[PDB]
Structure formats: C-alpha cells, structure tokens
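In the text below, chain A, chain B and the rest are named by the order of the sequence lines, each starting its count at 1. Only this structure's heavy atoms are used, side chains among them; waters, hydrogens and symmetry mates stay out.
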Amino acid sequence: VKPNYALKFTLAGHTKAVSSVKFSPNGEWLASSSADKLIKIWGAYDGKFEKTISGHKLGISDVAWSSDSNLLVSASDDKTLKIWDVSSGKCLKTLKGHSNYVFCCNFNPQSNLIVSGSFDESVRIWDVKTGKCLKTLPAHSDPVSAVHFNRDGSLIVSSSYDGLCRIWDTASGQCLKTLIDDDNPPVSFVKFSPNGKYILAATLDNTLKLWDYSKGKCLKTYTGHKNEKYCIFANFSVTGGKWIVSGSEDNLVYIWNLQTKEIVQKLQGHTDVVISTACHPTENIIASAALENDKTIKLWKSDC
Amino acid sequence: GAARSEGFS
C-alpha cells in the first residue's frame, strides 16, 4: 500500500522562514512558528488563518502544544521560552535560564512539565505552573537539536550536534543511555515513537534511523532524502498506513514505508528547504513548512 | 531570525 497525499491548501502569512508546524492534539488547529518572531494559528482542516501570537524579541525555532490543546510553548533566540494561552493569546510565563538560543521544546504528556534544549548545550526541565526551572542537565557538548518526553513522561530523549542521542530519567536527571552508530554525524532531530518503544533520529548525513532504545540497537534506516545542514523534524504517520515522514533540503516531503524502508511518496511544491512536517492525529493530513525563499505552509490530504 | 532556520555550517 502507498499513500496518495495531494496538496489542498497553502498558508501564507509568515514574513520570514517558517521554523516548525504542529497540530494540536485535538486536531482542530495548526500552530506554526517563524524567524519573524511570530506564532500563527490556522485551521487544521481548511487552513483558514485564526490568529497571530507575538511577544518574542527574536525569532522562534520551535513551538509545541499542551495535551489539552490549550497551551503553547515557544523557544526563541531571545534565550527565553514562553508559555501561551492560545484562546486569550496571553503570554502566561517567560522561562528564563538558558544562556544562549533555545532551539526546541516540548510538554510532557501530563503537561505539568516543559523540556527545552539550547545552544548553551544544556537541557532544562521547567514547571508549567510556576515557570521556574526544576532541573538543568549538562546534557551535551554542542547545541541541543531536539528534546522529547516518552509516553508516560518518565524519560526524556535529547539530541545534539555532538553526534549523541541521550536518554535521561525525568525524575532524577541521570543519563540512562547514550546512542551513536558507526560514524559520528551531528544528530539534528530525535523523538519517541507513539508507543514509546522506539526513537526516531535524524543525522546530518541524509539519514533517518529508527532505534530500539532499550537494546541500544538501530532497527531501521531511511535514506534517499537530503539532510546535511538543517534540523528537520520527522514524524510517525499512523492514521492511515504506518509511514515515516520527513522534510528535505531538496524542497520535497519524503514518505517511507516504516517497515520496508522504501520511499512510497514524495511531495513537491515548496521552493525552499522543507524544515518541518507534522501529521494530523486522526486524519491523513500532513502539514509541511519551508525556509526563507518559500515562507509558506502546505496542507496535504490522502486516503490512507 | 532563528537558529533552526539558519542551520549548521
């Protein structure tokens, strides 16, 4: 079986490169962030612009939803994170404590914690309610490209330019696992699988790798795309067929069969690097977003 | 802008 994603909408409005797109857990909304310092909210099914959320003093590299789709967290070059109430547009908290750009952020499944990674080579764990830093992990010796909680929040996965992927115990902060393969390419992305048993990692040698984190073993490899410079998100597509979805530096979206590693589809139409993709939680919908020469978001829909 | 949209050399 192969998907048949087709372009349905193109969302313009960001005045600088788009950095990330995320669907809300309830599937109503798409949040996007940009180098233009803005978060934008769009309808997940029609693409109709909802609203703009502002307050960061410099560009935003990442944005992420809370479990109930009520809150966003944004990570910015102004070295802060911000917790936003989506409905009112208010900045509820400004998380200060990184000493360099913040690159990535996520909530835990409870959404009482936020995890952040920074150019200052640290991972930070913040309390959502008070906005105070709970833990500072000296995680890496280079900028941290991604951070992600597992399904129950007991585990944090982080990746860094230093070529390492590390697994941390959320409660204690000890390094439980370090993952690296035959070479040492910079790791540009990582995230847990929806069941929590695997982690998907991207390296800046045109490679996506599905890892069994307990055994410390690389289970699958996905190649054929172009990833050498940019921290490109990748996703597990589970609503239809089980796919691996990723942007690429040749301006295309790539879709692999998860088990066979075969490329099953390429999505064409962006005019710059596809830095970000997200998959809708109930419908076969992909959102993709591209860099400075393109500045748009595209929604694609398929039958499986 | 933003570090992600600038990339790594």
Side-chain angles (χ1 to χ4, degrees), chain A residues 14-20 33-38 56 58-63 74-79 100-105 117-120 142-146 160-162 185-189 204 227-233 247 249 272-273 275-276 289-295, chain B:
Chain A
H14 282 303
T15 63
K16 288 220 152 27
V18 190
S19 61
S20 53
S33 59
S34 169
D36 69 5
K37 283 119 172 83
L38 305 181
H56 272 300
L58 297 164
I60 306 170
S61 285
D62 199 4
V63 70
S74 53
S76 169
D77 278 21
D78 63 17
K79 308 191 279 200
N100 209 330
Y101 316 138
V102 196
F103 203 85
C104 47
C105 48
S118 166
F119 258 56
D120 69 13
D142 275 311
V144 182
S145 50
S160 170
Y161 196 72
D162 66 11
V187 189
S188 47
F189 183 74
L204 295 184
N227 201 2
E228 306 183 318
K229 197 197 178 156
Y230 292 102
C231 293
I232 294 155
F233 295 83
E249 291 167 3
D272 208 346
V273 171
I275 196 77
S276 198
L291 297 196
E292 195 74 25
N293 298 333
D294 182 304
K295 302 200 178 137
Chain B
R4 191 184 295 275
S5 87
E6 276 298 303
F8 285 129
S9 69

With a cut-off of 6.0 Å (strictly less than), are more than 12 heavy atoms of other residues, nucleotides or ligands near [atom1] of [X]?
| X | atom1 | value |
| --- | --- | --- |
| B:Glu6 | CD | no |
| A:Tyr101 | OH | no |
| A:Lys295 | NZ | yes |

Reported CZ-to-CZ distance for the pair A:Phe233 and B:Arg4, which is rounded to 0.5 angstrom: 3.5 Å
Euclidean distance, B:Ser5 OG relative to A:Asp77 CG, rounded to 0.5 Å: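 So the CG of A:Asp77 and the OG of B:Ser5 are separated by 8.0 Å.
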Side chain / backbone / both / neither for A:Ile60 at chain B, heavy atoms under 4.5 Å: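 Looking at A:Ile60, just its backbone touches chain B.
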Segment of A:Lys16 engaging chain B (4.5 angstrom heavy-atom cut-off): neither
Nearest non-hydrogen partners of A:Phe119 and B:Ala3, listed with the distance: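 Result for this residue pair: CE1-CB, 3.7 Å.
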Side-chain heavy-atom pair A:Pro143, B:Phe8 within 4.5 angstrom cut-off: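 Yes, close enough: below the 4.5 Å cut-off.
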